[PDB]
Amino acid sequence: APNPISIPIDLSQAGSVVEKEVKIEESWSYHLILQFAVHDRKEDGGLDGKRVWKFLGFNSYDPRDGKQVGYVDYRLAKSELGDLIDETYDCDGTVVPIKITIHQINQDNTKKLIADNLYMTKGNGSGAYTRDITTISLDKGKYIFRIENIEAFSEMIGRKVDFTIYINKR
């Protein structure tokens, strides 16, 4: 039952990089996701939630293997979002390229590059206002995660977004 780790990132600026040391307590598989903050529904008309939904998309993909597990047609997205979208709307949402680089810290404190991957992230993740990036098997140990946002998204200006690692419980 390890606690999730969250790393704030900035999707409004191209080339924004964040680097953090990450300790894996249990050899298991872990979900890597983005979590978007949203104004409470009580505050606004629910409008902020709808804009974030619009950005994320409606289709869903399993982070473990990339299989599509959720399909949604334009008609339903139009019913949900109304005037926020037009008929060119893609239910995959806005594609957000994220580059993840992972080094393992060795016993002698040298660093070993074990992954360097560009994800063309898309779709609507399992949790609330999330986008699922990937699932990765990590052994117990210490790692450096470097997360780079490739493109600028003006919709994300001033908005908090977390890169999050949490254990896959199934």
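The first residue of the sequence shown is number 1, and the count goes up from there.
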Of 137-145 and 39-47, the stretch whose C-alpha atoms average the higher B-factor in the entry: 39-47
Given 104-112 and 64-72, the range whose Cα B-factors average higher in the PDB entry: 104-112
Chain-relative CA temperature factor third for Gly57: lowest
Within-chain third of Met156 by Cα B-factor, per the entry: lowest
Third of the chain's Cα B-factor distribution that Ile150 belongs to, per the entry: lowest
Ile24 - Cα temperature factor, lowest/middle/highest third of chain: highest
For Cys91, the third of its chain into which the C-alpha B factor falls: highest
